[PDB]
Number of protein chains: 2
Amino acid sequence: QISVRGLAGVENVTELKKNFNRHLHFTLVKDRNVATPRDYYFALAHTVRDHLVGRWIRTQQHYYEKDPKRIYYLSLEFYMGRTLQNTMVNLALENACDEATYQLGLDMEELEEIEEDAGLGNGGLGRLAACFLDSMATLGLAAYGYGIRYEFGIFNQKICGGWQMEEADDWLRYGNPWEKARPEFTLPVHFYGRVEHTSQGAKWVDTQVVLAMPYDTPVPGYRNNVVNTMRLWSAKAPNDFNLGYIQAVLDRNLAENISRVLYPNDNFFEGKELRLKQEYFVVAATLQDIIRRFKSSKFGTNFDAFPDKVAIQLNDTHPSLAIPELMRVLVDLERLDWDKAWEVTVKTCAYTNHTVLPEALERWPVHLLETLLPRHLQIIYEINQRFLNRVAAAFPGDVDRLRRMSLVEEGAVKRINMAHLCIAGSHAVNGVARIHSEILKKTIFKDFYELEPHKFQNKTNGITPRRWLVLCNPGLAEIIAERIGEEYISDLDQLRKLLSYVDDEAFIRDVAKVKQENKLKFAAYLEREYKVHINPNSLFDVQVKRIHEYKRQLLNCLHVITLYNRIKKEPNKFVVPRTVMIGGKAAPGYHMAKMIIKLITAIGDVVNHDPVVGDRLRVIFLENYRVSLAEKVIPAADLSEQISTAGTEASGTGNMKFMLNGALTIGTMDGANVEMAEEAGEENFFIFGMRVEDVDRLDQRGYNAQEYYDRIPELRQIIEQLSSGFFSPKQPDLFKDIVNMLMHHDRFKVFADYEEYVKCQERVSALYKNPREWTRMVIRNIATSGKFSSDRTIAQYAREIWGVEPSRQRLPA
Amino acid sequence: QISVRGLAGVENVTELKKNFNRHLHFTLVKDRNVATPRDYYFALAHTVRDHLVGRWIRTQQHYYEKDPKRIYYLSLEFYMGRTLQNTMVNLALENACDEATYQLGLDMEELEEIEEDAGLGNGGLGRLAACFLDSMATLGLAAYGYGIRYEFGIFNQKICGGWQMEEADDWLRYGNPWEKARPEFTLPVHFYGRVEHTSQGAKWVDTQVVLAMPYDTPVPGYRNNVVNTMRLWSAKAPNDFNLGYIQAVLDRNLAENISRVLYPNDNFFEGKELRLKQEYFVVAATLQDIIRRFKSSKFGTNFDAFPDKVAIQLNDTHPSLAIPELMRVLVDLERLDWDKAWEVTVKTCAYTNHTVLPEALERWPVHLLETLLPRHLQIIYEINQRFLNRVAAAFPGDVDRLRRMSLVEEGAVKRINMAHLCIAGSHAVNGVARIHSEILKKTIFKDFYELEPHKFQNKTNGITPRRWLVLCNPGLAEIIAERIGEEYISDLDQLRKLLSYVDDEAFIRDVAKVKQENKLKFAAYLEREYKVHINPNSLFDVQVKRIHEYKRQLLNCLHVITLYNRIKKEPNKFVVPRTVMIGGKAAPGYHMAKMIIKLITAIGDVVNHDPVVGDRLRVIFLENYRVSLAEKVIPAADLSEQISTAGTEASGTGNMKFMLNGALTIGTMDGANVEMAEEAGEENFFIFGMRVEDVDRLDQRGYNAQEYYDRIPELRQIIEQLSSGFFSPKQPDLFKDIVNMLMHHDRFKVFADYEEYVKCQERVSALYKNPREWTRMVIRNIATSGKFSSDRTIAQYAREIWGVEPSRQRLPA
Ligand SMILES: Cc1cn([C@H]2C[C@H](N=[N+]=[N-])[C@@H](CO)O2)c(=O)[nH]c1=O
Ligand SMILES: Cc1cn([C@H]2C[C@H](N=[N+]=[N-])[C@@H](CO)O2)c(=O)[nH]c1=O
């Protein structure tokens, strides 16, 4: 149907149809008489999968022959979403499959909805890993994603009586056609035991063994015939495990629990033993795999060349145990001396920091490591001692610096600071947006920056334009392609060419038309799938992201209530109609986040059923927000809410997705918002609120929320409404926790940004009254969104950290 | 190479090779450069599997159109072994695959050894189920095997220091290419809860739900294009299970433990709750599936025709809960009155008894059923009351009969006798050999036989000649086929034609040649796989079966020691050389059986290293005895030991396997040995020892083992040797338990059969000295083994129990 979706050649369509029928018969063991839509989905998935394998085998063969430097991206999270449409896009198969399925009497879009999300992440950090894999393959890098194959990913969120309920994400129930089990490459991982000292150094003995079984998933580059690998480890008990008889067999579960479930915490550290086991499990199996591949190379025993052939990227501190594990292997097993091993380790490892929030920093109790990983603790102590000797020599007499920089934190419980370990053992440390990277050097890692300034870098985050434009917004990709061609898909800077169309009446009409169609499609989706009725002529005001105090969904709530109260005060006055959509999951143990969800639904309950309001204001909580839902709501959005307190959101990536898809942004000067505004021009952004410096000034003075309550009558009214039970008639004190927090212990200064936020929202509404000028501003945003492609981000990692050159060159088909 | 293995047509070989290469590439994602023999096995398995699916789909389609009476074979055990070679044989593909793999530079026999046994059974009972499935498909019956897909089958047995060690049978590790998951047909199973009474009868409420997910495995008939289904259920937790968060997800294991492991008890009842859950799990899911299929038929609401369209065969009492579960569904859910429901139940169900040993009988504590299955207990009480009212009316005043026949046993703990439940609720009850069936009517079920004589039948066991001749002994199948053609493979009575070749010098030479080749092949196997050296010119004396006191491996041990002592007494005297092979697993908690294994190895330790013995006597314990090992050792055997105490082995089936493969039998008049001897003529069997009547006479008098010890000097010497530490120098009292048992508490009268056994063994040795006459007797055995085909057995079930006609007619290809 549309150009960007590839050719539907007679030969290809015929070949796809017959292979579809073959899979339905031989693979699914069905005929057309008994097949369900799920069967049809699987026959399609298997057909598309077949096109990958040849490229997959020759890509890996190519790397064996050429022996390039290999990039190992270590992450506990890969938030992949669905794979079917993504694979078709990158293989140029979408129109052909659409045609082949149409001719078989099937709707491909219906079949696509059947695929489960691979929900192996929490949010930003996990989704960045997924975007990174796509970009690395697209840029021809010899890259491998390594992680854990969780049996249960992020929970499915149900809303019951306005409250979040969690249910198990049993994503493997019907099978996963994309993965290939590789039981032949199973590796042992050791836990517990004790350390023994001999003439030949230390020995780790009396350990429990858990097996790590790899599952490989293909990662196709964009139309370049490159197919990289994501390898995910699964925990298996050895066959002599605990070997009365029946119980010993049943106890195998204990070992296999390691890969059972993803910890559903976003930007929060929970010091549980199972989590530590997961972290070591991925690290130990991965490093063995890395070393095996290194020894079995066309190049080489000699570990001097190890950093020339291997880069390990640590996605946050979660795989920080890679550092002492690499030391363990090199010193204890390969018998390298400490200094040489350390040189190799530092030159191999690099660390990416994702947040400055203290509650997210990993600080493991020493007693946990002592029991679980006794040899790693000894190595960490030794790293610490040698590192602090370096600090002492550079800053003689500075005893407080020594305590501040120590990997070992003293106190009630002794802890290991994993961030400090990462900096010490990596040749590069990066933040994820310019402002965040500067905050690292100025505040939390100031001491480390003074010692080793060369180590500190910025790599501003990005998103893949394949998933986040072509796949989810084909209509927009197409109108862009009509004007400037298709090259921008793997070279997003070319979107600048769109600036010369900002006064083009045809283009203005097309941009606005694509948005309306997206909005109609999403409005229909809501009725069909959730039985909720919305006005597609209203401004789609959306905030979608994990529920957090720092992300300030509560500030959004305050604005919504302000609009409601203003309408109630002057009912017959004209207001720009809005659909306010808020979505995201709360971590199960995060009480305040669960209260905020309840608040949003409670506001909806009052606002959506007030006859005086009509269809002028609607508040909807978007249930079970996840990658596949993001692909639907983001193209439909007019307004993107990025309203975190300045200095708290390291980068954000949702912001970039909205910019690419034709939404205007209301936000603070936080994270990547700063660079986005810089790229588009501040005139083309709705920036409000305190800057980082203003927050610091308020902290020194002391934040007093009562002041704002006293001086802003509209804010006072909202607090009285919350307190008195206006939004909870049956349970008048339901929201006392929220009011108390806002009035007395608000770390994120919600009240302090209220006035400017409400005023800025009025400026948004005014612009929306003028469709042509709204759309012209939109064009100015889309046109300057190129910097935020993960292809740019990965090219920067490649050149400035990994020491490898990106390549757009095709491999032969 | 050989005739019976089918055609190797140019078209077929070419087509097999290309499909092999396709699977290696697309299915396994490998090329010839990286593929292991395991990969080659899997590519072959997938290629052969493809040939099944078309036949599988049309067989099931055929049953839907024709709507025949369906047979449901309910078993907790299906001892399937390997599937690859069996599938090739039944599809006439073996030579073609052999040729196709040869041309690809691969040895097919090497690839066949890579397949894991499906070890989902303990021994005789589970293997009978497997033979039955093969025969039912071969006879064109619309039959379904229903069971549990255990994650761990029967343990792998390792021998360490002469002791049995158990390790987990992780048979699914590398995947199972034969099964197809059917998550779309998942069904709920209920546990616990309570019973509520309403105006509309009883209601079972507040239950825990476990999901039952079916996996279908194809069962091909012999060259008739029929492919039936074995459906095995797997336990899955529902997604809201226990739904802090992490623990709730981890606790899903509790539910899924139901299908985790096979209870490794052979002929022994262990009253564990998990076992009861397994029994109800298979029954509840199966019956829902049965009823669903019944309602969705071309015929029919009206349950009057239910027994016309459905037969349920209960393999032992393990699925006995089918009876009250069917009542529950019909009464509580379908709202049929009790009397009608009961009529339907009785006419639907039939029960096969497998043993008379009291320790094997299932007697469940009432308190277990009360908690787990409260509604089923109420139904059982009601069945009991109505049944005992019938007994009271037929035998007025006979109060002891009432207590003897009650389904409820009184005592310390109240128990339900599941055998009594089965008889009451089935229209047919059968034993598994003529002598066993007579013992049922005369002893343990005498009262029930007096009440309902019409219910009691015999169905003598059988084995499939496909697996147990063609597959494991192609050399013998071929020389037979040269003389009499190939029709005997699905009509084993035709082997009688071989009687006219008993004086044929060519045939005599060929029979003896096939045995020698088998013996050489097995002797080589032992060296390669276990590094043990044996003389292939010796008589292969083999006893393979589960380790039990009743099977009297100990009597065999006594004979072995007698031979050793006789050699030591007169070293320079000639004795017929023997390799004595004993193999089988002991249940992990069965101490005496584990001691017997230790004894066998201990004897081997002394005998195998005595220079005076030389290669005249060898004692070998065959490790990890299982179906695949049976297929190797049985064709190599000269002497088959079937030496259970008369009246204890209900049938046996190993006996029949040895008879079919050219071994002579030494045995008691027990189980099917009686019918085997009757078929071949007693002159052509080595029968010894007490008959059932002699055992009873000894029981009345009182068995005194001391008497035999006093009067048999050779027996006395063996006991002194055991006691004094002759076979355990480091641990002189190691075998005190065994001696004490033999002397004081021997339920199985080992000493009482010693003299006759030893004398009979001398007659065996004498015959073996005359090769021509040994082989002529062998021919007389093979030639009369036809009755013991499971095709005969199943034809008898079909006609006399299920009310269906067998068919040899081909379905179209
Ligand atoms: C599970 C979870 C809890 N919390 C709770 C833990 C802290 N309890 N205290 N004190 C509180 C403040 O960080 O928030 C959070 O912030 N994020 C989370 O993800
Ligand atoms: C596990 C197992 C134990 N036993 C033990 C249980 C009994 N213990 N007592 N008394 C003993 C005699 O039946 O054998 C058995 O016979 N067969 C088995 O399979």
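The chain as shown is numbered from 1 upward.
Technique stated in the header: X-ray crystallography, 2.1 Å.
Here the Cβ of each residue, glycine as well, is placed from N, Cα and C on the backbone.
Counting only same-chain residues six or more apart in sequence, the Cβ atoms lying under 8 angstroms from the Cβ of A:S3 (phosphoserine) belong to A:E478, A:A481, A:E482, A:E486. The annotation phosphoserine is assigned in Swiss-Prot to A:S3 (among others).
Sequence-distant neighbours of A:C97 (site 'Involved in the association of subunits'): residues of the same chain at least 6 apart with a C-beta under 8 Å from its C-beta are A:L16, A:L44, A:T47, A:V48, A:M88, A:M108. The annotation site 'Involved in the association of subunits' is assigned in Swiss-Prot to A:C97 (among others) on the grounds of an author's statement.
The Cβ of A:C131 (site 'Involved in the association of subunits') lies under 8 Å from the Cβ of A:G462, A:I463, A:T464, A:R467, A:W468, A:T653, A:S790, each of these being in the same chain and 6 or more residues away along the sequence. What Swiss-Prot lists as site 'Involved in the association of subunits' is A:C131 (among others), and the listing cites an author's statement.
Residues or ranges marked as site 'Can be labeled by an AMP analog' by Swiss-Prot on the basis of an author's statement: A:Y144. For A:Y144 (site 'Can be labeled by an AMP analog'), the same-chain residues lying six or more positions away in sequence with a CB closer than 8 A to its CB are A:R70, A:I71, A:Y72, A:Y73, A:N228, A:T229, A:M230, A:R231.
Among the features that Swiss-Prot reports, phosphotyrosine is placed at A:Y192 (among others), with the record citing similarity to another entry. There are 12 other Cβ atoms within 10 Å of the Cβ belonging to A:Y192 (phosphotyrosine).
Here Swiss-Prot flags A:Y215 (among others) as phosphotyrosine. Sequence-distant neighbours of A:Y215 (phosphotyrosine) (same chain, six or more apart, CB under 8 Å from its CB) are A:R149, A:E179, A:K180, A:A181, A:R182, A:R231, A:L232, A:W233, A:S234, listed in sequence order.
In the shown protein chains, 17 other C-beta atoms lie within 10 A of the C-beta of A:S406 (phosphoserine). DSSP classifies A:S406 (phosphoserine) as coil under the three-state reduction. The phosphoserine annotation in Swiss-Prot covers A:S406 (among others).
Applying an 8 A CB threshold to same-chain residues 6+ apart, the list for A:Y449 (phosphotyrosine) reads A:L440, A:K441, A:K455, A:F456. As annotated by Swiss-Prot, phosphotyrosine applies to A:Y449 (among others), with the evidence given as similarity to another entry.
The annotation phosphoserine is assigned in Swiss-Prot to A:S490 (among others). In sequence order, A:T138, A:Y222, A:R223, A:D791, A:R808 are the residues near A:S490 (phosphoserine), counting only same-chain partners six or more apart with C-beta under 8 A. According to DSSP, A:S490 (phosphoserine) is assigned to a helical segment.
Positions annotated as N6-(pyridoxal phosphate)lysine by Swiss-Prot: A:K657. In the three-state DSSP assignment, the secondary structure recorded for A:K657 (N6-(pyridoxal phosphate)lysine) is helix. Sequence-distant neighbours of A:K657 (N6-(pyridoxal phosphate)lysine): residues of the same chain at least 6 apart with a C-beta under 8 Å from its C-beta are A:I463, A:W468, A:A630, A:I634.
Within 10 Å of the C-beta atom of A:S723 (phosphoserine) sit 16 other C-beta atoms, taking all shown protein chains into account. The feature phosphoserine is assigned by Swiss-Prot to A:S723 (among others), with similarity to another entry given as support.
Long-range neighbours of A:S724 (phosphoserine) (same chain, six or more residues apart, CB within less than 8 Å of its CB): A:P732. Taken from Swiss-Prot, the feature phosphoserine applies to A:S724 (among others).
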Pairwise CA distance, A:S406 (phosphoserine) versus A:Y192 (phosphotyrosine), rounded so that it is a whole Å: 25
Three-class DSSP secondary structure - A:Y215 (phosphotyrosine): strand
In three-state DSSP terms, the structure that A:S724 (phosphoserine) belongs to: helix
Nearest-integer angstrom distance between the alpha carbons (Cα) of A:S723 (phosphoserine) and A:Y192 (phosphotyrosine): 52
Secondary structure of A:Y449 (phosphotyrosine) (DSSP, helix/strand/coil): helix
Flanking Cα pair A:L243 / A:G244, between which 6 residues have no modelled coordinates, distance in Å: 9
Distance between A:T301 and A:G300, Cα atoms (Å), gap of 6 unmodelled residues: 7
Local backbone state of A:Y144 (site 'Can be labeled by an AMP analog'), from DSSP in three classes: strand
Three-class DSSP secondary structure - A:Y192 (phosphotyrosine): coil
